[PDB]
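Down below is the structure, laid out as structure tokens.
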Amino acid sequence: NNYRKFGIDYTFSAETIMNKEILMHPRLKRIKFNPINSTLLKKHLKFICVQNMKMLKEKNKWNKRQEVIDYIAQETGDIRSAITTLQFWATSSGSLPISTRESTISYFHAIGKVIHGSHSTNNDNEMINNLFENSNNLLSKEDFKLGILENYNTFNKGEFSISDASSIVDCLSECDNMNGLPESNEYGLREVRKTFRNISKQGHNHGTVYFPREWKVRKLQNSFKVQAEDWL
Amino acid sequence: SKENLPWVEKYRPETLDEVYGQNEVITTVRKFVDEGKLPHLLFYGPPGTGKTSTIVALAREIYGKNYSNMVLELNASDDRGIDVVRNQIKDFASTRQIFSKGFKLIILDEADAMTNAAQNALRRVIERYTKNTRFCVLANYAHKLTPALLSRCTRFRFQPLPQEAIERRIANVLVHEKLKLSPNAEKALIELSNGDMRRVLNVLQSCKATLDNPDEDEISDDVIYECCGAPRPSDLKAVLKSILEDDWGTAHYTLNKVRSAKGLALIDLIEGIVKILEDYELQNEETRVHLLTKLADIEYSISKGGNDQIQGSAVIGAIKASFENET
Amino acid sequence: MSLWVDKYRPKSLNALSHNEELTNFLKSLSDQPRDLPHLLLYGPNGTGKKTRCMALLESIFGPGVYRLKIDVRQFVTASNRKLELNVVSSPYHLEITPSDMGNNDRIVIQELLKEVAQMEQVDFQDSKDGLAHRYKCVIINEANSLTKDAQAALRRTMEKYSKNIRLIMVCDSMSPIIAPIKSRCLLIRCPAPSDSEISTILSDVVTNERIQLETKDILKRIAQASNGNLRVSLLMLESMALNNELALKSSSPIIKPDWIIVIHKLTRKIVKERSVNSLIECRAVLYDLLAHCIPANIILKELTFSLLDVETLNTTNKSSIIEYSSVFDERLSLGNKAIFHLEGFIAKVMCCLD
Amino acid sequence: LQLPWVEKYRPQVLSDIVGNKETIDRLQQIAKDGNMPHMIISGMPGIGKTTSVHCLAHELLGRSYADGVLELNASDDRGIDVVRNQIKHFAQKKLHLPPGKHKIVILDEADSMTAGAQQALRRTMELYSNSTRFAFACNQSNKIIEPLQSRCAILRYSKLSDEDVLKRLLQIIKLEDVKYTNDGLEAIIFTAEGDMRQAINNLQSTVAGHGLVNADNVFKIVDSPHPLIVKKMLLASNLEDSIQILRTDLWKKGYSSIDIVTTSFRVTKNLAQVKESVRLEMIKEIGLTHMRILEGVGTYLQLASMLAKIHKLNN
DNA sequence: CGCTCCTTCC
DNA sequence: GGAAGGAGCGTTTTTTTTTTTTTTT
Ligand SMILES: Nc1ncnc2c1ncn2[C@@H]1O[C@H](COP(=O)(O)OP(=O)(O)OP(O)(O)=S)[C@@H](O)[C@H]1O
Ligand SMILES: Nc1ncnc2c1ncn2[C@@H]1O[C@H](COP(=O)(O)OP(=O)(O)OP(O)(O)=S)[C@@H](O)[C@H]1O
Ligand SMILES: Nc1nc2c(ncn2[C@@H]2O[C@H](COP(=O)(O)OP(=O)(O)O)[C@@H](O)[C@H]2O)c(=O)[nH]1
Ligand SMILES: [Mg+2]
Ligand SMILES: [Mg+2]
């Protein structure tokens, strides 16, 4: 029902809600929060389980509290979601697969997943399928291909064969000619992942990833257009 | 009135008995209406197979001659956005019949052109008002239909029209007109139809026009090819034989002469040659790979225009190079 | 004062000094301009196509065609994206560059040109009885850069309203022109001037400006450095004369466009080193070039031929280079972002050299 | 008249829903206890999500169902104004209910809700959770914004097994006194592809057409899922076998080229046997053929060339 | 996801 | 005096057609 490609309809964040002047105003202070870490979440889940020791012991789930607490801690950084999941598990006499709310991955996290792969998953096909199923909005945007193009050199601080870089860049060039079909994005990401997995080694030191600089070029082009119109 | 109509419309089936080729679907739907247990329907198939005709005939049979008063028909020519689904379709499906004539019917022709949001809104409208209303969705491309909508509809596939049904309809048309069709002309018409009745009727009308005196002149295969400007099988066979046996100069001259004799287009020659080669028994499979890939590339290039002579020479060279593998 | 490119620009067909056969053909066209067909002039950039079109118009109408003024026309898209276009006008003709509108060029064809085509130009007769009718002349600059939709929109406008309008399109290459538009036009090939004619024009300019020239060879060198672009030849002549106190000498350096020198440096860097880091620096250079609005295809041409000019490379290297250049030129034509294809070309060249 | 069996035999109690035994049992526990939390129900079409939520609401609220349930789906207005007025007033209503019972807001097809409405729902959930509980039903749980997911228990419904579908089909057959054979029920289950709605529709169609549910009678009307045919076409070890499958089973049956290529891409995404390089190359070829089809060249020759390229890659 | 510094825990 | 865990960094944002929601009207 939206069919709109503006910033706000894509992401709900301070940048899309506020503007540059407000954020950079000297009288406004911005503090960024991180997901609650495993230690604090585990501590508070144990506290809650202790507060409900009687019912847990009566239901015979007290002995298994540590297992579910540890699983919940590694699955989310949302305290409310963790508490809700714990309540759902404890109040259940039967056994069900414990699951929390899904968490989206960031842009640089997706770039890192494509370049280096995922620790949890060893099958690249499964990783790519999950990435496209859950992060379609991020992958579809054309800035992701530009990010891959501008960051693939970070692998081993750019100490791999020119042949692999040529293969990756040629694949991206071919994908740019596919009118933005999903097959194009899938093929590009799969090519990058396969190429980097073919040369992955323990003794590698990687570089720093950066956002693509196309926006700077666009601004410079606009300034050039204004100057050229003045000259004309 | 009907006499002035194009044949594709003048010969539109009025009753289900006039629909040919889809025996299984017609049988099942007729029994469903006989028992009055019609479910939500999906008619999936390629162009000109009888979907719209079948649904209109079924509506006529259910409601007799007054079907226009209790049937809501919508197609791609009408706006069918989410607002339309929420207001118009919803109100029609949620209101009583004109004279308590059982259930109401909503036909969504060419529903593959509807937006995802409208299709999503349709789910609960279909589900909640099933007692009073039944939906019919017609489509040629299933991938445009959301999974939820597909799950809700009983699916019927309209196959490409078999040869026998086309022959029967051609006989009916020939009797209705004062026309005479030769067996070879009928075979050519069936071959070029590709299972679409509309093409059959249009070509028949053009052939009747081509005749100087249709009251006594008979349509032959030559008339069909003249009307369609299509190559004859002999032309295709000669071109292929020259390509596979004669030298480059002779093959080029043969192709040029065959095309210039009747102004044949290269795409139709390629399609006929592909049909011929599909039945060829090749001992080397790599030959098939080369043939298919190169000819598909040539067809795609022709689709955008380009140089005709270069494309013809490319076809010749591609066939020769591919068949060098069989050596 | 005005630049020498415009100061000594010929203002009539008789003033043209190179490609005599083309001048004769244009004069034959001007003999009976009553039934002049639509024209499409194609040839290398900077050869004098626009000058010849203006000379033809002057022959048909008169010197007043050079009394040009500028107007701004506003267009609104289906998304309410207001924008503007510059329309140059003389009492007898109009000049537009719809390609400056990007993908919106079609709007210009659908709204402006059509309206111009529909409004029939009539005027009271000074001496005779009744109104007199005259067709309007419209020049479409950078015709080859129009989108296929705009070119399609041109067709029936050209055909139906042939009584009121006559189009003169100018392009540097006819490859991007759709077949129907070419079919609707009289095609005129405009060859570039030879080195001798460029040298003669430059010598006439030098004599007019009273610039001391040690030897005529300098002019020849200037010609050989312009690659047949007369406008560039005159610009470099003026720059060199000003930079040398209006005294040219055999030792005076030839001034070339800065981006050309940058591309030469990039070619040398590519030849010298072939590695990932070299590729990243090449990306930086390419982005710097693109920031100045240099077209991607132009960059690809200049880089390709600069690479082909390297003496150390062998036949296989150059053959592979030209193959990759053709492939990536097609990819640029069919692509959306040029950086991918330029990077791919450079990476392929690095692989083939190494 | 006579209702279609899909609606006639819609389960009215939680004990008549087959499959997802663990989830259905937990729902029964919630119904008997009362402490229903905010919940999200996700799964593929036609597996019982809507039926499960409706049955749970009915069991929980008893006679108070009419005044204690607010149902809204994609067919109703669900914009930000609706959240501001109708849902807010319903959640503000003071209704006397038995201990452990709360008002229920059912939001079917919650995925389609607009971003503004979803963001507005946060505050109403925060304020009126003591008296109101929300049950979202969707096909993609990820289409509900994270702040809303943070407040709800997640429940994912899996595809129904052949055993559960067979059990429900047998119950329906016994109720309708339908004559059948084992092969016929096997064919119905195989063609349903885990969708109970499709299984019931196909059974009803077969019974209406012929009454006796055999394999041949079922396959006269029902077609084998074309994804499996496409998988067979792609996995054929011989080019001629792939071409023969494409011709006989797909092209001459009236399947459009666009559908064939889209299904080929979907199937190739899930081929476990093949290597990653081969898979990505096949995806590239499928994408190029799809581009050609979208431009208007949707011919059988293009699909044959796609198959030839795929076979070349397999070698 | 990888790299670079401050705790935190034994 | 070994890691184990954690935080912070690595960022910016129009445009073709077409559909849809929202707010004021
Ligand atoms: N089974 C058929 N029997 C007799 N005539 C048919 C049949 N199918 C198509 N025709 C003829 O072709 C014309 C068009 O038939 P339609 O029912 O409109 O085909 P269609 O399948 O609905 O085409 P699409 O999918 O909307 S392009 C009819 O008026 C008939 O004259
Ligand atoms: N587990 C099931 N047990 C019995 N019947 C089922 C079951 N699932 C689906 N059905 C039947 O199919 C019909 C539809 O079931 P639903 O609950 O609406 O499926 P659904 O998962 O909600 O589909 P969506 O997500 O709205 S497309 C029911 O009336 C039942 O007759
Ligand atoms: N003396 C002389 N100058 C010419 C002639 N033709 C072109 N020029 C000049 O050389 C420049 C050519 O640039 P231009 O007219 O823009 O050619 P275009 O870019 O191909 O259309 C102009 O500055 C002209 O003044 C000619 O025949 N004689
Ligand atoms: Mg139809
Ligand atoms: Mg449902």
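Letters go in sequence order (proteins before strands), and every chain restarts at 1. Worth knowing before you read on, the calculation uses all heavy atoms, side chains too, and leaves out hydrogens, waters and symmetry mates.
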Can you give each donor-acceptor pair under 3.5 Å made by side-chain atoms of residues 271-283 of chain B, sequence neighbours left out, with the distance rounded to 0.1 Å?
| residue | atom | partner | partner atom | Å |
| --- | --- | --- | --- | --- |
| B:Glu271 | OE2 | B:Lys275 | NZ | 2.5 |

Donor-acceptor contacts under 3.5 Å from residues 310-318 of chain B side chains, at least two apart:
| residue | atom | partner | partner atom | Å |
| --- | --- | --- | --- | --- |
| B:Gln311 | NE2 | B:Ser301 | OG | 3.2 |
| B:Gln311 | NE2 | B:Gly305 | O | 2.7 |

Contacts table for residues 293-302 of chain D: side-chain donor-acceptor under 3.5 angstrom, sequence neighbours left out:
| residue | atom | partner | partner atom | Å |
| --- | --- | --- | --- | --- |
| D:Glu295 | OE1 | B:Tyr300 | OH | 3.4 |
| D:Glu295 | OE2 | B:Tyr300 | OH | 2.4 |
| D:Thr299 | OG1 | B:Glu299 | OE2 | 2.6 |
| D:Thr299 | OG1 | D:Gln302 | N | 3.4 |
| D:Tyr300 | OH | D:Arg247 | NH1 | 2.7 |
| D:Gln302 | OE1 | D:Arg292 | NH1 | 3.0 |
| D:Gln302 | NE2 | B:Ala296 | O | 3.3 |
| D:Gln302 | NE2 | B:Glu299 | OE2 | 2.9 |

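A salt bridge does not link B:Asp221 with B:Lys187: every distance from a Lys NZ or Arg NE/NH1/NH2 to an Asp or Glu carboxylate oxygen is 4.0 Å or more. Salt bridge B:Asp222/B:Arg232: present, at least one basic N to carboxylate O contact under 4.0 Å.
For the pair B:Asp196 and B:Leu161, the minimum side-chain heavy-atom distance is 4.5 Å or more. Side chains of B:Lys104 and B:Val71 form no contact here, defined as non-hydrogen atoms less than 4.5 Å apart. Proximity of B:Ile224 to B:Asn184: side-chain heavy atoms (C-beta onward) are nowhere separated by under 4.5 Å. A 4.5 Å side-chain heavy-atom check between B:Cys228 and B:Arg199 finds at least one atom pair inside the cut-off. The closest side-chain heavy-atom distance from B:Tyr67 to B:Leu105 is not below 4.5 Å.
A donor-acceptor contact closer than 3.5 angstrom links the side chains of B:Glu216 and B:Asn213. Side-chain contact annotation: B:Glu73 with B:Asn75, donor-acceptor N/O pair under 3.5 Å present. Between the side chains of B:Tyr44 and B:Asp112, no donor-acceptor pair of N or O atoms lies under 3.5 Å. Side-chain contact of B:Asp109 with B:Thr52: a donor-acceptor pair under 3.5 Å is present, judged by distance alone. Checked by atom type, the side-chain pair B:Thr250/B:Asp246 shows no donor-acceptor distance below 3.5 Å. Using modelled atom types, one finds a donor on one side chain and an acceptor on the other under 3.5 Å when comparing D:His210 with D:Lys220. Under 3.5 Å, the side chains of B:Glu167 and B:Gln163 contain a donor-acceptor pair of N or O atoms. Under the 3.5 Å distance criterion, with hydrogens and angles disregarded, a donor-acceptor pair is assigned to the side chains of D:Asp259 and D:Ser256.
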(request) Test salt bridge (charged side-chain N to carboxylate O under 4.0 Å, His left out) on C:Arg156 and C:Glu159 and set out the steps. (result) CA-CA 5 Å; C:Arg156 285 297 300 154; C:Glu159 275 189 307; 3.3 Å; yes
(request) Take D:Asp183 and D:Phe219 through the test side chain to side chain contact (heavy atoms under 4.5 Å, CB included) and record every step on the way to the result. (result) CA-CA 11 Å; D:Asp183 57 333; D:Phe219 286 122; over 6 Å; no
(request) Begin from the C-alpha positions of B:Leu58 and B:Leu38 and carry the test side chain to side chain contact (heavy atoms under 4.5 Å, CB included) through to its verdict. (result) CA-CA 10 Å; B:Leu58 182 70; B:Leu38 197 78; 4.0 Å; yes
(request) List the steps, then state whether salt bridge (charged side-chain N to carboxylate O under 4.0 Å, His left out) holds for B:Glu110 with B:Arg80. (result) CA-CA 11 Å; B:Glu110 319 168 306; B:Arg80 301 178 290 188; 5.4 Å; no
(message) The test is salt bridge (charged side-chain N to carboxylate O under 4.0 Å, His left out); show your working for B:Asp308 and B:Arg259 and say whether it passes.
(response) CA-CA 11 Å; B:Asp308 175 14; B:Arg259 290 190 59 178; 2.5 Å; yes
(message) Is there a side chain to side chain contact (heavy atoms under 4.5 Å, CB included) between B:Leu16 and B:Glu61? Walk through the geometry before answering.
(response) CA-CA 8 Å; B:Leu16 292 156; B:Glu61 211 221 352; 3.6 Å; yes
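For B:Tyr141, there are no ring-ring contact (aromatic ring centres under 6.0 Å, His included) partners at least two apart in sequence or on another chain. Listed by chain and residue number, B:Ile166, B:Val200 satisfy the side-chain contact (heavy atoms from CB on, under 4.5 Å) test with B:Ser193 (two or more places apart in sequence, or in another chain).
B:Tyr63 and B:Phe103 have perpendicular rings, their planes meeting at more than 60° on a 0 to 90° scale where under 30° would count as parallel.
Note on residues 22-31 of chain B: pairs passing side-chain hydrogen bond (donor to acceptor under 3.5 Å, both in side chains), not counting sequence neighbours, are B:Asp17-B:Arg30.
In this structure, the ring of D:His226 has its center less than 6.0 angstrom from the ring center of D:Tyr255. When ring centroids are compared, B:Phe323 and B:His290 stay outside the 6.0 Å threshold. You'll find the ring centres of B:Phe158 and B:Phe43 inside the 6.0 Å limit.
For the pair B:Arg168 and B:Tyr20, the cation sits on the ring face: its NZ or CZ lies under 6.0 Å from the ring centre, inside 45° of the axis.
Distance alone, capped at 3.5 Å, places no donor-acceptor pair between the B:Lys180 side chain and the B:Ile219 backbone.
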